[PDB]
Every structure is written in structure tokens, then in C-alpha cells.
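A note on names: the letters A, B, ... follow the listed sequences, proteins ahead of strands, and every chain is numbered from 1.
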Amino acid sequence: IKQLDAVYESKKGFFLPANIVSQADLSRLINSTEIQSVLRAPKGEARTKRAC
Amino acid sequence: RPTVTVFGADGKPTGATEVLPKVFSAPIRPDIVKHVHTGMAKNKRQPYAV
Amino acid sequence: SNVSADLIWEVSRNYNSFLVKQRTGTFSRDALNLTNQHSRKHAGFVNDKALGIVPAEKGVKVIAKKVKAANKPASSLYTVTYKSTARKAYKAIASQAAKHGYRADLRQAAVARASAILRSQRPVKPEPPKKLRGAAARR
Amino acid sequence: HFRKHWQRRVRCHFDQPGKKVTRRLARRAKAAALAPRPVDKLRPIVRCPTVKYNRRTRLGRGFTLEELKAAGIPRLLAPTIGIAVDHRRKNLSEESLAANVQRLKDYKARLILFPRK
Amino acid sequence: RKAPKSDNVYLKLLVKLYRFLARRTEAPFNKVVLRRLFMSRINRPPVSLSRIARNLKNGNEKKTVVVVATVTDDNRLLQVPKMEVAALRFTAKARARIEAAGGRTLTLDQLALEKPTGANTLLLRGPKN
Amino acid sequence: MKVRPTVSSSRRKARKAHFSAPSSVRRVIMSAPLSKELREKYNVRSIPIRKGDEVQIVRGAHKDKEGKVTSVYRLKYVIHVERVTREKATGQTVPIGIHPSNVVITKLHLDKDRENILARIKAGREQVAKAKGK
RNA sequence: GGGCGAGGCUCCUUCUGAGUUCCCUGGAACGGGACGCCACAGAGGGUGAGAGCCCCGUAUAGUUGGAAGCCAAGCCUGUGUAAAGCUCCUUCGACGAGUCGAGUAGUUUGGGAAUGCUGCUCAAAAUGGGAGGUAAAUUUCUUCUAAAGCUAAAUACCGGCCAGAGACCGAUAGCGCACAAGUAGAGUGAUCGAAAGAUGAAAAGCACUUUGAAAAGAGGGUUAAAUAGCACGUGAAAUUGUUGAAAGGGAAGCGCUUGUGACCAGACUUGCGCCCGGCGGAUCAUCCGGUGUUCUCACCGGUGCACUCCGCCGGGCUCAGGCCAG
RNA sequence: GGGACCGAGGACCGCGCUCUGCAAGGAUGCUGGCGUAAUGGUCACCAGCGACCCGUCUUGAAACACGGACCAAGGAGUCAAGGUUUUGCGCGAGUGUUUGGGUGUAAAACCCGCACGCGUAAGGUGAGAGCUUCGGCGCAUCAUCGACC
RNA sequence: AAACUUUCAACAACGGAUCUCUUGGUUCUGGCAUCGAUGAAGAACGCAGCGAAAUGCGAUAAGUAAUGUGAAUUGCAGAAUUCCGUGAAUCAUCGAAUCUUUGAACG
């Protein structure tokens, strides 16, 4: 475990990659206060009653 | 930084504590693994020809 | 971080060691899977909070994930064995699933799984004798 | 560009790792015979000819007789103590002479020479 | 397009996040970002530090710079101003030069948290030709 | 796992060598284990079979039949135990081929050569037993 | 400077771990279950069916004897005014000819300063000769020494002596050849050139009786199996025989829809819930202690020894239950 | 008033009306026989109606012509080099470890010193995506006037 | 009605597909350097108790000497081996021999 830092610090021309997302928990992002405060009101439900 | 506990020969924790070595936070990309694994498995083959 | 329930589902949606695929549907052998169906709702190993019911000698054995021990498998399952009446088992399982916000969507599925196990433990009625018809009956 | 019969002259290098092991074992064989000695010979520092490469130095074939005498190493003993000698190269400049003389004195400082018999 | 051509799992999460935002918001910013996540790499040219530095020269400072592309470094720029840049990817040198100046680097999911409607944002694209 | 480069793991070569082995090689392949009493007496596990030995069959249709070895038919990798026979159609008795791996030696035909064989196997076994022990 | 030389390296060679313990199926366990052991060895093969521990081998360190090369601690000796390296200099310093070269013909190269080679005619030099650089003012300058010769290594390898492997082929495939295959056979000859593997664990390859001239047949027998009898694993189709069913006034075959005849897969057999009665048992509610968790929900133990709770049995009732219909 | 075909959906929500309710965003209620080859299905045949023998080639099209006794197995756009377009991936003014060298549990995997291949060493006006503090700011790209080499 | 023609089914034939197997091939890699007038490579003829071929050998002829191992060979028949031994074996190794007619082929 101690050597595992050293081995990746010695690879030339390679750094540990940076991900394109910072938080992988979508539920936290969507259900966050910041997102939910600016959303519109819902336009419907999961199941819609058919009129005719 | 998160840490990990060390276990002795009997399976019980020994009180030693080590820091997670920063490579376990890397992105998990199965598509890269599949592409890299496909090529690396071919590097062991021996030629065949009639 | 880089790992979440959404990521594990994306990695493991198309293939798993628990996956059973046939023409009539896709099943899952996951022990924390209440309906044995392949879905994000029911994939126990994917989710941070999940439930699972397995039979005991008499009654049911309910296992739930501990969120603060996701990296300690030996201490990650909260296990309760219910060997009292069926109604008392249903009350605890449903309260276990809905009274604190731990997978309230699985309340109905969990109670049904407990009912099936308790029903399966009941004695078995002897099947009626088979009846031959037509040509088979005349020979 | 296959207007000739290329198919009968096609070399495939499937022995690339096999030859590397063979080369590594041959180097080990030299160390087995010349046990304390290095498996190579000391070679001088030379300048590449062309104006494209004259700003860079490399290793030459062997040491010049003039720069071998300035170091203090006899001619007939140099190939015997692990020094390559080139009788075709001329110095033509003090810069090449000084660089290789200093290289030889550095070699003499690190040397362990055993009695003859 | 309905499904992105990429096999990146994290890119799928970004699309899923911004598909939700585009449906539940009236901001045209979210629809542009979503549609740019779907297109190919040649259709997403890199944006250099020199190009972003030009575009905030006049009055667009103290704003959020958003590119759905990779941000690269430029050796022609000697001084890099402090800026707030959110992008799909950053190079090692461009990220270091931005952080050395005193700016901050964001990902597209952090941008959703900070600016769910693309408020006070400068959206740029790379040179197609 | 095999390590030495001179060893081969080929099924084709192993089956060729086994079925085309010379008589001297076949003698080693036709070995049989020694009985428990003989193991603690000689410190020897196995020994090639021979004509004078007495064996007890421990595998096959002949459950626990005892008898003396009569022939070592190395050409088909079988031995002939006495009174272990089957009648042909004519009623003439023919021996039944028993493999040495299916028998255990109970009494050992003793001669100077076989005392030398048992001594060499014992010497190696005791050498490593003390090497492993101390 | 010479001669011995212990010993050493390389290669063959001897020996070195652990279940044939109990039960079931089976002709036979090498299969299933249980209880163990070895492992620097769970590569491979055989043994009556998938064997780490039945057997050969497999792994590591040793250990027994031998072979030929090379090295070598040491021990005997050496010898002759014998050889060798350098330094210095009022002395010397030999370097390859019918060969370069010029002309010409053929061929060749990316290469008329002929790229090289060969034949023919002529045929050299010694501060010489060859090649190159260069407008730089003359052909200055640079760099080598041809017509004599030896030399390991890195490089090639469809052949020779072996050895190890494969995401290769699996008997019309793979070499023409998995077999008494460059064989049988064809051609005057040069040459051309096939087809062809599999009984069974074990021949245990059918004693004996009977019919037949015999080939064989039938009983009887071996075997787990003859639905394996050497025309021998499994044994498709084309094509054929027998039996069973059916159709057939100058084609058959094909599509839609009934009918007849034959033959069949489903479905159903009851479940749920109430109200009484006979029971058989204390995981009834509550409270107390401990523990686990999602921190308010549970589980264990005690209290709760019976209008509460759980299972059975005997009745009544409700509901839901298959097919075709009015 | 007399027939025929059909019953899609599955808690509530709606439009409504003749409102203790209803024919109003899709069938319910009552009853009988049977509960087994009875419905149903597969074959073969009879019956009514329907129905050219396939492929190739030529041609505007037919027709001619060619191949077709039957079955089993085999049987035909592959590999390599060099260009090129598009998609995915890595790094990105850089990129490429694998000629070679160094480890190795040994044709794998891991690592890289020097060269080398390909590429690289700032305006005005009008539209214009998107922001906006509603004053305006304006990506990419196009049109025009430019500036420089 | 039978017979004949056709369809299906069962059994039996013809034929050898399918599955399974493989002391074979094919390709790659590694160590090594060894034919002949001291008669090679090839051709021929002989040799076994019972053999045609393949295989082995050469009138010492399915073989001799030496070394090692240690009790066989086997289809049949006949001899063995005393096993407390210079010693079975269609055994292995191999340093010594025998080695017909030719064939570079040489009175």
C-alpha cells in the first residue's frame, strides 16, 4: 500500500486522470436544493389518464 | 484522506492504519478496460498457417 | 467521488454474475433482490439502501444494508430472524422498510417475499391421482 | 509496390522476444568468463561530423595514441586493461584531447588492477 | 439523437442530468449543453486559453466560462487572467495555469449545482475551420 | 506446475511414450504399492512388481482376492494373479489381466537385488525426513 | 619460461509428499455424500467413468556413480651474459605492373565525373598515385594509399541431431501419406499417383445340441450391452422390403375453409375470508433487562400460566374459480 | 319496431344530464349443461373455390436458349502493404514504450536512456447561439472595410 | 375387394453422414554442428522354430562383445532362474567386432 503511491508517482508522461464529473451520485444532484428551487412545476404524472 | 485498517495473521485488526493510496479514486471506465483488454489478450498468440 | 449507485448500475446493467437471461425475461440471483428481477429499483447490490429476505428453519431472515459500513462486508448486513407469527413478521418488515425512509418503495415487495416464504413452509397437500383419457384410458 | 515476387521474401519477427533472451544470456556468458571485469570496453567521447549533429557528442571507437600518452597509460597495456585504442583518429583540437584525457584519469581513479600472476 | 455515441459511463450520467434539466427548465442554456454532449468529437473542437482570454476582455469578467469541449493550453499567452471555467475536460498544463493565476476549474455537474439555469455564463465554442 | 524446460505437458507425447515404452521402462510403470505392514517395516511406499510377489487385489470385480503373482505381462501392462481366472466357452481357464495399480503387495519376493532396491528408497526417504524435520 | 595438479563448472545417472477410511449408484468409482492428509509438487499421462494423496512422473534442495572438454588453489622446477616494453638521437627508413590509365564493344546500376564488371588496341609514375571540396583567380585545399594475405561476434536458415509450444486441422480436414504410402496401380520413358483409422474394461472372438453338402441357420452361452459377432462405437438421407392406414375415370404436388377418422397438449380436482363448536399448545397486549439498528424501530430473556395468541379437526356462509351456451 | 358484428381499457379524477341517481372518459347482471377429448390442436383424406417450374441470360418486354435424375459432406469478397472518410478512446502543441535496453511468476505483463516519424514554434461594421443587473454583453460562422507577411 | 402407383408411421435393409476420440499433420520458438575411397546416399539378395510386408541385421545375419538394470519373452511350441545371481529380457545404454553383390565404385 505504501509503495502504491510511489509507483504512480514514477510513471513518466502519466498523471492520474481527472474525471469529467465531480459527483457520481445523480440522486444527490437532482434532489438538491439548488436544482429543485429553480425547476418548473410538473406538467403531468408518470401515468396519464386517457381522455377519450 | 480516507484510511484503511491492517489485519494480522489471526484476522484481527492490529491497530495499524494506512492511508488510501490515491489510485482508488481513479475514474472507473469499463469501455477503456474492454478496449485495452481486447488488445492485450491478443499479444500472447502464436501464428497458425496452412 | 467517482463511485455511486448510478455508476454501479451503468457498469453492471448489461452483464452480471447474478444475471439470468432467457427469452421470456431476465432474472437475478442477488440475495438482496426481493423480486429476482433485473432493475435499478430491485438491484440490491447496486443500491446503498437495500433489503433481502431468505428463509430460515422456521420463519424469515431479513438482511438490510448498513450505509456506514459499505466498505466492511463482514459488518455490512443488519440481520433479523423472525420466527414469531406471520402478522408480526409483516409488521416489522414493513416498518423496517418504510418508517424511517429506508426504501419505502420496497415495502410492498418485502412483505410479499416474507409471505411467500412462510407459505412455502406450510405442509403440502397430496396431489390428486392422474386421469387417463381417450386412447390412453382404453389401453 | 509489389511488382516483384514479394511473397517469397517476407521476414516475420516472431523471434523478437526469443532473440532478446538469447542476447541477454550471451551478455551473462561474458560476465561469467570475465567475472570481475566489465563486459564492455571504455570508449572515448567524440563529436558527430555533420553540421546537423555537431552540437552533440557520442561514443567513439577507441582512444587516440596522443591522448593515451597524456593520461599516462602505455599503448600495449591499454587493450589489456579494458581500453579501446583507435590508431586512425587524430585529435586536431585541444578540446577533444582534454575531454578524453580527463575521461581516462577518471577511469584510472576507479580501477582495481590485480597483480599479474 | 436519443443515445450518445460514446461509451463513457460518466458522459451518460451528464446527459441524464442535463436531459432532466432541459425538460424541467425553460432555460435555453440547458438545451444547448445537452445537444452538445451528444455530438461527435470533431464537432467539439478544443477551446484554448488564448481564445477564452480574448472573449472576456471587454466586460465578461467575473463570469462563468462554459465550453462543452476540452480546454487546452497556449504558449502564446504569457499572462492568464483569473477566471471561472467549466468544461468537459482540461489538459494538465491548462488546468495548472488557470489554478496558478487564481481561478477555479469546474466540471459540468458542478456547473449544474452552481448555475442550474446558466445565469451569468459565457458559452463559447472552438474554431470549426 | 512444471518448471524445467526439458519437461513436456503434451498429451500427444505422454501417450506416445507410455504406449511405446521399452520393457525396462514398463517395469517402473507396472509398480504396485506395499502393504501397511511392509511400509512400517521397510520405510518404502512402492516398488515395481515381479513374478514372485504375493498381492491382494483392492480394485475391480475381484474384490479382496489374494494370490501369488504368476506372470508379469509387460506387453499389455497386466499381471496374472494365481486362481484369479475365468473360464472360456470350452471350459479352459484363462487368467484375468489385473493392473498393478489395482493391487497391494502383501509378501515380497526377496533377493539381493530387491534388498538393494528397498535400501535405496529408504535412504532417500529418511534423508529428507530429517532434512525437513531439522 | 616448462611439468604435475587437489578441486571446480557443464552433461548424463540413483533416491527423496500425501486416503485406496465409511456409505450410495454402478460390470468396473476415477462420480455423489462424510471425515482427513500433502503441497517450493493442484504440469501431464495411465489405471474398468472427472484421481493432488492407486502408479509413472511433477517442485526444491541435496545425494550415488560416470563422461569429455575448460578453468584452477597449490607443488616441483627454471638460466641461457636468453628474450621483451619503452626513452633519446651529429645514423638510416626498402611499401605490391600487361597493374592503373586512355580508346572502344557488350552487359549492369538510381548513378557517362563511365555505377561496376569483362574482352580487344595502346600502355604509365615517383616531393608519386586515387577520391573529393572549391567562381573565388589557380586549378592552392581536404582525405586516403590499389593492383599480396588471415581473422571470432552481432546476421541467414523450408536441410541435420534433438527439445518445447499453439485462441491451428480433426480422417472429403490436416502434408499425397494418422494405416506394410511415394505403397498398390498407370506409362517405353521422363514422370504420374490413390483408396484406406474406431468391437469390447477384458477375446471373455460363442463350448455344447440340432438342420444343412457347405456357406450358414436355430437353440444354448460370454458380456453391462451381440439394439457391440471382427461385413464389428454411434449409424442420418437418397434408394429398398415387410407390416399398419389411406387415396387413385388422361398427372401429381401447393393456398383458403369446413367435415370425417386416428392421435394428442392444456384446463379442472379447489383456495380465501367470516360465524359457531371440540381441541392441542404460550413467540397475546403490556412492562423490565441486554443487544442490534434506519435513533425509533426490532430481536432475545423474564413477567404475562388464558373472553388474548398460534395450528388442527367438525359444521354453516360469502367471495373467487375451467368449457360451451341462453 | 326487427336483426347482425364487436365489449378495446381496468381504483378515483373529466365533460355533463332527466340528479336518493344516470344510457355521462370502452359489459355488466341472471341462468343452464358439462367438467371431459366436450371445446381446442396436429396429421391423412374427401369436398367447394383459388393456383404456370425453378434459376440464369437477353430484351422495352415476352418467347427462344442454357443448368436441373436423387441424397450426404465440401464449396466462393479473405489476408498483407499504402492512401482515404466517418464513429469510439487517450493525450493534447504535442504525440508515438514494444529497433533496442532493464525486470519477469519468462513469447505474457511492467519500466524507459538517446535519437527518430508527423505536427506546432492580432481591428471596424451587420447578422448570429447563449447570457442580462433589461441599460446592454455577444461563441462559432458568413458578408464587407480592413491590418500584416 | 385384390393387385399396381403414391403418402406417412414402425421394424429391417443399402450407404457411411453426425457426435465423440486421435502414438498424425501444420505453424512458431529454443539448444547444438555430426555424411563419404577407414568406401557414403541409393539399389539388390540373403537371415527368424513356425513370416508375406513393414522393421532389424549381414553367412558371427529379427543378431555378437562390453556396461547398466534386475527376472522375463509371449500368438503357439520348446528351453530358462535355482532367486541369495557376472544374471532373463523383441530391455536400455554403447567406447569393441562381424559387415554378401553393386553403387563416387576402383584388376
Pucker class of H:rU133, where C1'-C2'-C3'-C4' positive means north and negative means south: south
Heavy-atom pair of closest approach, residues E:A69 and E:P45: CB-O, 3.4 Å
Integer angstrom distance from the P of G:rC175 to that of G:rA218: 49 Å
Sorted by number, the residues of residues 42-63 of chain E with heavy-atom contact under 4.0 Å to RNA chain H: E:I42, E:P46, E:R51, E:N55, E:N58, E:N60, E:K62
Nearest heavy-atom neighbours spanning F:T85 and F:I96: C-CD1, 3.6 Å
Shortest non-hydrogen contact between F:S24 and F:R74, atoms and distance: N-NH1, 4.5 Å
Gap in Å between the two P atoms, one belonging to H:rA37 and one to G:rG266, rounded: 15 Å
Closest-nucleotide 5' rank along RNA chain I - winner of F:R114 and D:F14: D:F14
Minimum-distance nucleotide to F:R125 side chain [options: G:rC55, H:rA109, G:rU16]: G:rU16
Separation between the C1' atoms of I:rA97 and I:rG63, rounded to whole Å: 12 Å
Interatomic distance at P, G:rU90 relative to G:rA102, whole Å: 48 Å
Touch class at under 4.0 angstrom, heavy-atom based, for F:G91 against every strand present: nothing
Where the chi angle of G:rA102 falls, syn if within 90° of 0 and anti if not: anti
Within 45° cone of F:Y77 ring axis and under 6.0 Å: F:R26 NZ or CZ: yes
Expected output: side-chain C:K68 to main-chain C:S76 donor-acceptor under 3.5 Å: no
Sugar-phosphate only, base, or nothing, as touched by C:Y82 at under 4.0 Å among non-hydrogen atoms: sugar-phosphate
Torsion-based syn/anti label for H:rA23, 90° from 0 as limit: syn
Any residue of residues 41-49 of chain B with a heavy atom less than 4.0 Å from an atom of RNA chain H: B:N43, B:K44, B:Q46
Conformer about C1'-N of G:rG50 - syn within 90° of 0, anti elsewhere: syn
For the student: nearest non-hydrogen atoms of F:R114 and F:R50, plus distance: NH1-CG, 3.3 Å
Separation of F:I29 CD1 from F:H99 NE2 (nearest 0.5 Å): 8.5 Å
Pairing between G:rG128 and G:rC284, Watson-Crick or G-U, 3.5 angstrom cut-off on both: no
Sugar-phosphate only, base, or nothing, as touched by E:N129 at under 4.0 Å among non-hydrogen atoms: sugar-phosphate
